[PDB]
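Novice: Please read through the structure below; I'll follow up with questions.
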There are 6 protein chains.
Amino acid sequence: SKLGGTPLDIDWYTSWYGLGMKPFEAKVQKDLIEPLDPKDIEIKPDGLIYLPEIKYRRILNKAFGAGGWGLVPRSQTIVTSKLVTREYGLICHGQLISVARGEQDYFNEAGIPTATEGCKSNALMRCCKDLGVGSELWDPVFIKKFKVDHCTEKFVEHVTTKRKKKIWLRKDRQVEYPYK
Amino acid sequence: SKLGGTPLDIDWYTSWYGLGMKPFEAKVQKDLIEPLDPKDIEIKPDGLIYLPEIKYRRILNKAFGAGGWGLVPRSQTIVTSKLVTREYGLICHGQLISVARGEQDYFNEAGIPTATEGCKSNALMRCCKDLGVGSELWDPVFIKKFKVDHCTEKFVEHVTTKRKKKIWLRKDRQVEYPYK
Amino acid sequence: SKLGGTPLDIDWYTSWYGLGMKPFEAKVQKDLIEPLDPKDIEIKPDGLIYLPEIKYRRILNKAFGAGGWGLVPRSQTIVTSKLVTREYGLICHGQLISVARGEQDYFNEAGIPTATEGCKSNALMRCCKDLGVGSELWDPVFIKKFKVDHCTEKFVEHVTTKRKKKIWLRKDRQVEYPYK
Amino acid sequence: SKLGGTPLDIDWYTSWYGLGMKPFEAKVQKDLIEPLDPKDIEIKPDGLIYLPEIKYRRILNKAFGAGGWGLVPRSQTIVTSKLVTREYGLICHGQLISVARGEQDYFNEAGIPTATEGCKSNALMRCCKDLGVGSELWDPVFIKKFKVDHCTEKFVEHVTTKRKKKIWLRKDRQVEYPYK
Amino acid sequence: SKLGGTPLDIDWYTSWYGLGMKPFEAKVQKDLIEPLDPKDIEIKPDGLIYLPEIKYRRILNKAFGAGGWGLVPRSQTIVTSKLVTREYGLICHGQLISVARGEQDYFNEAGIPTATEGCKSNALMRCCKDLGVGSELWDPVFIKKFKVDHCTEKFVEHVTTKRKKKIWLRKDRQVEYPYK
Amino acid sequence: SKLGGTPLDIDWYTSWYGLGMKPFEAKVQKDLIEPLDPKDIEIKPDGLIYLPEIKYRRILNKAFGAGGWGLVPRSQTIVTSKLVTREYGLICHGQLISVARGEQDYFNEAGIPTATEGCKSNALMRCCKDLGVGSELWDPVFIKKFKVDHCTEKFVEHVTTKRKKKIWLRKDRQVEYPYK
């Protein structure tokens with residue numbers, strides 16, 4: 001109760017069946033460790049590289065196939081005063097892999113469900129860390145080299161309050177909202 | 001209770017049966033990842049591309065067939081003061097795929113049921129994200145290229161209050177209500 | 001309770017049996033996706049095309065047969081101060097397909113039951129959206145082309161208060177009540 | 001209750017099945033004791049060398065394979081006023097290896113879930129100590145030699161409060177936040 | 001309750017299965033009694049020689065193999081006002097060897113979990129005393145000879161309070177925190 | 001309750017299986033009665049000769065082998081106000097030999113677990129008395145002769161309170177804490 005909020009065949013809500021039971025067969029493993037395409041990697045303005053959730057979903061569809069994987073809630077959705085959090089589990093081929101808790105920051109009381117799926121996506125991607133999907137994203141050497149050959153530091157002009165700020169962006173990507 | 005509102009064989013309301021149990025057979029998977037037709041993609045005035053719900057329904061009918069798929073409510077309909085939200089699950093071939101929560105903004109107290117189906121549609125489309133339906137819609141590179149070869153920025157005249165505003169539209173699509 | 005109103009073998013009221021269990025056989029699917037006849041499509045004066053409920057009923061009778069389909073109430077009839085709403089489910093071949101909520105606007109306290117069947121019809125048609133019945137009705141490209149080759153904008157004279165108004169109508173259809 | 005906080009097939013939550021039952025076959029053992037790459041070893045500013053969690057995950061994926069290993073919670077997440085702690089167990093090939101408790105320091109009330117996965121990572125790495133993953137990291141002779149041939153002591157200028165401080169860094173690595 | 005604190009296939013928590021049932025085969029016994037490397041032996045400042053826990057873990061991995069051994073809790077973690085204690089059991093090849101209680105002194109209320117693994121390590125090493133791992137460490141003749149040919153008594157200057165103190169250290173090892 | 005304290009396949013906690021059932025085979029018996037090395041025998045300052053517990057453990061490992069013997073608790077740990085006591089049983093080759101109660105004097109409330117293993121060691125050695133391990137230690141003629149050819153009485157100066165005391169020590173062993 002440290003976080004200030006209130007809830008908004010196999011019982012997958014609480015079951016731990018198949019957790020690290022047996023490894024997948026060869027082509028699955030080959031598709032999981034497939035190197036990321038550097039062209040598809042995005043970077044937040046604050047300077048953290050990431051991968052869109054649709055890329056994670058496409059990788060999962062290419063590896064396990066549609067219907068061969070899914071997400072299950074594991075705990076009630078706790079809505080903090082400034083974020084929405086929930087704990088999710090990833091199931092592939094009737095087998096539990098990992099359970100991780102996601103986050104999504106919301107600034108408007110109306111946009112809380114818009115966050116409740118954002119958090120879900122975050123949970124998904126973080127669970128995918130167990131499978132090694134986008135491992136290069138968390139490699140510090142990969143981050144440094146990708147940050148020096150594909151990302152540039154540009155001094156942008158914030159238009160909402162007419163204040164200057166220096167932010168990170170891709171070489172081929174322009175500046176978007178809320179910035180210039 | 002953070003959101004301010006009040007409720008308006010297999011027990012699919014709460015069951016998790018088949019969630020990521022087995023993948024679908026080959027032609028189903030081939031139809032799910034079929035590339036989108038660029039002619040059918042629409043764009044909201046605010047600058048977000050999307051796909052009509054009827055296209056999602058047609059894709060589902062082409063993939064699983066009529067009667068082979070459906071939506072089930074998973075939680076009571078919570079009606080916020082400015083939107084209607086509900087949590088829905090997608091079931092195909094007696095198998096649960098995903099459960100996601102939708103939104104629909106309503107501006108009139110009478111048009112609340114008109115929202116309760118809008119939210120349903122939204123839930124459907126968001127659940128379809130697990131199957132990869134319209135994955136290109138969430139690809140930032142696809143969004144940029146489609147936004148530069150098929151969408152144009154036009155300075156329109158709002159007629160309700162006689163104020164100028166610059167909005168996004170398709171090249172072959174005119175301006176509709178509430179705008180010019 | 002956001003809406004202001006008060007209630008006016010298989011327990012189909014609450015059961016979810018057969019929801020997306022198995023698809024229908026070939027001729028059923030062929031009849032469901034049969035293209036609409038453009039001659040039968042009507043348009044409301046406000047500019048929204050639709051299909052009479054009798055056409056939906058005829059399509060259902062041609063596809064599943066008489067007695068092979070029906071509607072079941074799913075919730076108590078809530079009567080708002082300006083509309084009547086109820087939630088209905090569609091059952092074909094002992095199988096649940098979809099559950100959707102309909103609307104019917106009423107302007108007279110006596111004509112409330114006249115609305116309670118209108119809403120039912122609306123619910124039916126909206127549920128039929130899952131089967132793909134009248135999918136072309138929700139296709140924006142179909143709406144534009146049908147609105148330019150079969151519908152005309154005419155400046156009509158309202159006779160109740162002697163005021164001018166410009167409304168939409170079919171080329172072969174005259175003006176009806178409450179208009180000229 | 002000494003720590004000041006409150007909770008935020010095989011029942012792996014409490015089961016001890018397979019704990020030290022049988023050893024793994026030859027190639028697994030060969031991959032577990034594979035020497036660390038000195039280029040991948042990082043060092044905290046305070047002077048403690050460590051290995052990123054993604055490296056541990058990659059080693060586990062190379063040894064047991066994706067889906068052949070996972071983590072299970074063993075106790076409720078206790079959130080101290082300045083850190084988040086939880087007890088985790090490592091399961092490989094349906095066999096329990098070790099159960100260890102992790103830590104993650106948090107300085108913002110919003111960033112508590114950001115800690116709840118950090119602690120998970122820490123738990124993972126500490127459990128990996130049983131398998132011998134990164135054993136050289138805890139070898140004092142390895143620490144001394146790696147600290148003298150690959151790490152340098154540099155006098156950096158803290159920019160938040162304009163105070164001088166001498167910290168540890170890699171030869172090829174620059175200074176990051178919160179420092180210069 | 002003399003200590004002032006409060007709790008923070010085979011049921012290995014309480015089972016005594018295999019306790020001294022049969023001896024191990026020849027190569028295991030040969031690896032257990034393998035003489036210690038004098039270069040790897042460390043000495044605390046107070047004058048007590050010891051072996052890092054990673055060395056014990058490496059010896060166990062070389063003898064029984066990864067997954068062939070593990071630790072199980074045997075009693076609830078009792079946290080004294082100045083130390084953390086817990087009782088642990090060592091299991092190798094599905095066989096119980098010994099159960100011993102460890103210690104870890106903690107000086108900060110936050111660093112209690114940092115102690116709960118220290119105690120675990122201590123328990124491990126003390127249990128290893130049954131197998132004869134590091135027997136020479138407890139041999140008084142070995143302690144005297146190693147203390148005279150490899151350890152030196154040096155008069156160091158404590159920097160926290162500027163007080164002199166004479167402490168023990170290795171010939172090739174410098175002085176660390178909290179001392180000079 | 002005369003002592004003032006409070007508790008801090010085969011159920012070996014209470015079972016008496018194998019107690020004096022059959023003798024061991026020849027080489028075991030030969031190794032058990034092997035004469036002690038006079039160089040390894042130590043003497044307490046008060047004038048009682050003894051053998052370090054590591055020597056007993058080494059003898060047991062040489063006789064029965066690692067994993068062929070162990071200790072089991074037989075009663076709850078009773079902690080007297082000035083000592084820690086517990087009753088332990090020795091099991092070799094799946095056979096119970098003896099059950100004896102040990103002691104360990106403690107002078108600090110924190111060092112109680114440090115005593116709980118000391119007592120265990122004491123119990124072990126006392127149980128070993130049944131096997132004849134270190135029988136010469138309890139032989140009065142052996143004690144007299146070893147006390148006259150290998151031990152000397154020296155007048156030492158206690159440094160804590162600056163008081164004189166005459167204590168026993170080995171010829172080759174110096175004076176340790178708390179004495180000079």
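Residue names in the structure tokens use chain letters A, B, ... in the order shown, residue numbers from 1 in each chain, and ligand numbers from 1 in the order shown.
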I'd like the neighbourhood of residue 49 in chain B as a PyMOL selection string, where a residue qualifies if any of its atoms comes within 12 Å (using only C-alpha atoms), though same-chain residues fewer than 5 positions away should be ignored.
Specialist: chain B and resi 38+40-44+134+136-140+142-147+150-151+168-170
Novice: Since we have the selection now, will you write its residues out, keeping N, CA and C atoms, as a PDB file, in the first residue's frame?
Specialist:
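Output below, filename out_26.pdb:
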ATOM      1  N   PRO B  38      -2.986   0.520 -48.879  1.00  0.00           N
ATOM      2  CA  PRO B  38      -2.817   1.945 -48.542  1.00  0.00           C
ATOM      3  C   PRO B  38      -4.017   2.804 -48.909  1.00  0.00           C
ATOM      4  N   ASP B  40      -7.114   2.168 -48.271  1.00  0.00           N
ATOM      5  CA  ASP B  40      -8.143   2.048 -47.246  1.00  0.00           C
ATOM      6  C   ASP B  40      -7.789   2.739 -45.931  1.00  0.00           C
ATOM      7  N   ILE B  41      -6.577   3.267 -45.800  1.00  0.00           N
ATOM      8  CA  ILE B  41      -6.125   3.860 -44.544  1.00  0.00           C
ATOM      9  C   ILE B  41      -6.653   5.285 -44.430  1.00  0.00           C
ATOM     10  N   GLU B  42      -7.315   5.595 -43.312  1.00  0.00           N
ATOM     11  CA  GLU B  42      -7.801   6.943 -43.072  1.00  0.00           C
ATOM     12  C   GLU B  42      -6.931   7.667 -42.050  1.00  0.00           C
ATOM     13  N   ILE B  43      -7.102   8.976 -41.953  1.00  0.00           N
ATOM     14  CA  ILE B  43      -6.371   9.820 -41.015  1.00  0.00           C
ATOM     15  C   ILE B  43      -7.337  10.785 -40.325  1.00  0.00           C
ATOM     16  N   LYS B  44      -7.280  10.831 -38.989  1.00  0.00           N
ATOM     17  CA  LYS B  44      -8.038  11.806 -38.222  1.00  0.00           C
ATOM     18  C   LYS B  44      -7.528  13.219 -38.479  1.00  0.00           C
ATOM     19  N   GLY B 134      -3.152  -4.744 -38.935  1.00  0.00           N
ATOM     20  CA  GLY B 134      -2.792  -3.339 -39.015  1.00  0.00           C
ATOM     21  C   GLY B 134      -1.542  -2.992 -38.236  1.00  0.00           C
ATOM     22  N   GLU B 136       1.291  -2.208 -39.506  1.00  0.00           N
ATOM     23  CA  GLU B 136       1.919  -1.078 -40.180  1.00  0.00           C
ATOM     24  C   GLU B 136       1.380   0.247 -39.659  1.00  0.00           C
ATOM     25  N   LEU B 137       0.160   0.245 -39.114  1.00  0.00           N
ATOM     26  CA  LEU B 137      -0.411   1.471 -38.569  1.00  0.00           C
ATOM     27  C   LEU B 137       0.424   2.020 -37.418  1.00  0.00           C
ATOM     28  N   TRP B 138       1.047   1.147 -36.627  1.00  0.00           N
ATOM     29  CA  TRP B 138       1.840   1.586 -35.486  1.00  0.00           C
ATOM     30  C   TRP B 138       3.328   1.671 -35.792  1.00  0.00           C
ATOM     31  N   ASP B 139       3.726   1.419 -37.032  1.00  0.00           N
ATOM     32  CA  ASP B 139       5.128   1.519 -37.416  1.00  0.00           C
ATOM     33  C   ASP B 139       5.463   2.979 -37.691  1.00  0.00           C
ATOM     34  N   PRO B 140       6.401   3.592 -36.955  1.00  0.00           N
ATOM     35  CA  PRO B 140       6.688   5.019 -37.192  1.00  0.00           C
ATOM     36  C   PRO B 140       7.187   5.317 -38.599  1.00  0.00           C
ATOM     37  N   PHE B 142       6.348   3.633 -41.334  1.00  0.00           N
ATOM     38  CA  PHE B 142       5.163   3.595 -42.178  1.00  0.00           C
ATOM     39  C   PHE B 142       4.338   4.870 -42.024  1.00  0.00           C
ATOM     40  N   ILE B 143       4.193   5.356 -40.787  1.00  0.00           N
ATOM     41  CA  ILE B 143       3.417   6.569 -40.546  1.00  0.00           C
ATOM     42  C   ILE B 143       4.045   7.754 -41.269  1.00  0.00           C
ATOM     43  N   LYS B 144       5.372   7.923 -41.150  1.00  0.00           N
ATOM     44  CA  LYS B 144       6.032   9.043 -41.828  1.00  0.00           C
ATOM     45  C   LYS B 144       5.849   8.984 -43.344  1.00  0.00           C
ATOM     46  N   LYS B 145       6.048   7.801 -43.943  1.00  0.00           N
ATOM     47  CA  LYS B 145       6.022   7.730 -45.398  1.00  0.00           C
ATOM     48  C   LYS B 145       4.604   7.891 -45.917  1.00  0.00           C
ATOM     49  N   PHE B 146       3.635   7.274 -45.236  1.00  0.00           N
ATOM     50  CA  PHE B 146       2.242   7.446 -45.620  1.00  0.00           C
ATOM     51  C   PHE B 146       1.771   8.875 -45.389  1.00  0.00           C
ATOM     52  N   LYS B 147       2.342   9.563 -44.401  1.00  0.00           N
ATOM     53  CA  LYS B 147       1.952  10.929 -44.106  1.00  0.00           C
ATOM     54  C   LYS B 147       2.548  11.903 -45.108  1.00  0.00           C
ATOM     55  N   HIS B 150       0.608  10.562 -49.087  1.00  0.00           N
ATOM     56  CA  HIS B 150      -0.837  10.415 -49.217  1.00  0.00           C
ATOM     57  C   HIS B 150      -1.648  11.415 -48.409  1.00  0.00           C
ATOM     58  N   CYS B 151      -1.041  12.133 -47.470  1.00  0.00           N
ATOM     59  CA  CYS B 151      -1.750  13.079 -46.626  1.00  0.00           C
ATOM     60  C   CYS B 151      -1.210  14.480 -46.861  1.00  0.00           C
ATOM     61  N   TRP B 168      -5.171  18.136 -40.822  1.00  0.00           N
ATOM     62  CA  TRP B 168      -4.683  17.086 -41.703  1.00  0.00           C
ATOM     63  C   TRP B 168      -5.827  16.417 -42.442  1.00  0.00           C
ATOM     64  N   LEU B 169      -5.591  16.081 -43.708  1.00  0.00           N
ATOM     65  CA  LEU B 169      -6.613  15.340 -44.431  1.00  0.00           C
ATOM     66  C   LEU B 169      -5.961  14.550 -45.555  1.00  0.00           C
ATOM     67  N   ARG B 170      -6.728  13.610 -46.100  1.00  0.00           N
ATOM     68  CA  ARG B 170      -6.257  12.844 -47.240  1.00  0.00           C
ATOM     69  C   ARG B 170      -6.304  13.698 -48.501  1.00  0.00           C
TER      70      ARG B 170
END
Novice: Which residues of chain C are close to chain B, meaning at most 7 Å apart when you count only C-alpha atoms, and how do they look as number ranges by chain?
Specialist: C: 1-3, 16-17, 19-24, 29, 97-98, 101, 103, 130-132, 135, 138-139
Novice: I'd like the interatomic distance between CA of residue 175 in chain F and CA of residue 162 in chain F, to a tenth of an Å.
Specialist: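 According to the coordinates, CA of residue 175 in chain F and CA of residue 162 in chain F are separated by 15.2 Å.
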Novice: What's around residue 179 in chain F at 12 Å? Count only C-alpha atoms, leave out sequence neighbours fewer than 5 positions away in its own chain, and write the answer as a list in words.
Specialist: residues 45, 154, 155, 156, 157, 158, 159, 160, 161, 162, 163, 164, 165, 166, 167, 168, 169 and 174 of chain F
Novice: Could you tell me how far CA of residue 14 in chain F sits from CA of residue 74 in chain F, in Å to one decimal place?
Specialist: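 Straight-line distance from CA of residue 74 in chain F to CA of residue 14 in chain F works out to 6.6 Å.
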Novice: Hey, what does DSSP flag as strand (DSSP E) within range 39-178 of chain D? Can you give it to me as a ChimeraX atom specification?
Specialist: /D:42-43,49-50,69-73,78-79,83-92,95-105,151-158,163-170
Novice: Let's have the selection written as a PDB file, in the first residue's frame, with C-alpha atoms.
Specialist:
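Below is the file again-v6.pdb, written as the result:
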ATOM      1  CA  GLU D  42      31.369  -2.316 -16.274  1.00  0.00           C
ATOM      2  CA  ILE D  43      32.259  -0.423 -13.082  1.00  0.00           C
ATOM      3  CA  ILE D  49      32.595  -3.696 -10.906  1.00  0.00           C
ATOM      4  CA  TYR D  50      29.486  -5.457 -12.176  1.00  0.00           C
ATOM      5  CA  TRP D  69      14.689 -20.961 -17.529  1.00  0.00           C
ATOM      6  CA  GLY D  70      12.765 -18.369 -15.566  1.00  0.00           C
ATOM      7  CA  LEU D  71      12.241 -16.524 -12.307  1.00  0.00           C
ATOM      8  CA  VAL D  72       9.445 -17.029  -9.808  1.00  0.00           C
ATOM      9  CA  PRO D  73       8.439 -14.771  -6.905  1.00  0.00           C
ATOM     10  CA  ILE D  78       8.212  -5.453   0.726  1.00  0.00           C
ATOM     11  CA  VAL D  79       8.769  -1.764  -0.035  1.00  0.00           C
ATOM     12  CA  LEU D  83      14.354   0.710  -1.277  1.00  0.00           C
ATOM     13  CA  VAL D  84      12.294  -2.095  -2.801  1.00  0.00           C
ATOM     14  CA  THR D  85      13.074  -5.714  -1.908  1.00  0.00           C
ATOM     15  CA  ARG D  86      11.688  -9.079  -2.983  1.00  0.00           C
ATOM     16  CA  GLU D  87      12.740 -12.729  -2.805  1.00  0.00           C
ATOM     17  CA  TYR D  88      13.077 -14.591  -6.114  1.00  0.00           C
ATOM     18  CA  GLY D  89      13.872 -18.133  -7.218  1.00  0.00           C
ATOM     19  CA  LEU D  90      15.628 -19.360 -10.356  1.00  0.00           C
ATOM     20  CA  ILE D  91      14.217 -22.393 -12.198  1.00  0.00           C
ATOM     21  CA  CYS D  92      16.035 -24.093 -15.083  1.00  0.00           C
ATOM     22  CA  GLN D  95      14.549 -27.694 -11.608  1.00  0.00           C
ATOM     23  CA  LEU D  96      14.986 -25.266  -8.723  1.00  0.00           C
ATOM     24  CA  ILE D  97      18.545 -23.984  -8.234  1.00  0.00           C
ATOM     25  CA  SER D  98      18.525 -21.136  -5.718  1.00  0.00           C
ATOM     26  CA  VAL D  99      16.349 -18.547  -3.993  1.00  0.00           C
ATOM     27  CA  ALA D 100      17.845 -15.143  -3.179  1.00  0.00           C
ATOM     28  CA  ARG D 101      16.523 -11.719  -2.208  1.00  0.00           C
ATOM     29  CA  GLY D 102      17.293  -8.634  -4.284  1.00  0.00           C
ATOM     30  CA  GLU D 103      17.422  -4.885  -3.719  1.00  0.00           C
ATOM     31  CA  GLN D 104      16.726  -1.708  -5.650  1.00  0.00           C
ATOM     32  CA  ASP D 105      17.140   1.793  -4.216  1.00  0.00           C
ATOM     33  CA  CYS D 151      39.825   1.336 -14.844  1.00  0.00           C
ATOM     34  CA  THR D 152      41.091   4.814 -14.029  1.00  0.00           C
ATOM     35  CA  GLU D 153      40.522   7.212 -11.148  1.00  0.00           C
ATOM     36  CA  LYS D 154      39.516  10.644 -12.408  1.00  0.00           C
ATOM     37  CA  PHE D 155      38.743  13.887 -10.587  1.00  0.00           C
ATOM     38  CA  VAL D 156      35.346  14.944 -11.943  1.00  0.00           C
ATOM     39  CA  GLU D 157      33.275  18.085 -11.375  1.00  0.00           C
ATOM     40  CA  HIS D 158      29.705  17.526 -10.189  1.00  0.00           C
ATOM     41  CA  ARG D 163      31.265  20.448  -6.076  1.00  0.00           C
ATOM     42  CA  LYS D 164      34.392  18.426  -6.816  1.00  0.00           C
ATOM     43  CA  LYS D 165      34.485  14.653  -6.448  1.00  0.00           C
ATOM     44  CA  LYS D 166      36.920  11.922  -7.486  1.00  0.00           C
ATOM     45  CA  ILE D 167      35.226   8.891  -9.046  1.00  0.00           C
ATOM     46  CA  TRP D 168      36.026   5.664 -10.878  1.00  0.00           C
ATOM     47  CA  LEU D 169      35.403   5.068 -14.549  1.00  0.00           C
ATOM     48  CA  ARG D 170      36.451   2.913 -17.464  1.00  0.00           C
TER      49      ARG D 170
END
Novice: Write out as number ranges by chain all residues of range 100-139 of chain D that backbone DSSP assigns to helix (DSSP H, G or I).
Specialist: D: 112-131, 135-138
Novice: If I take CA of residue 177 in chain D and CA of residue 37 in chain A, how far is one from the other in Å, to one decimal?
Specialist: 28.2 Å
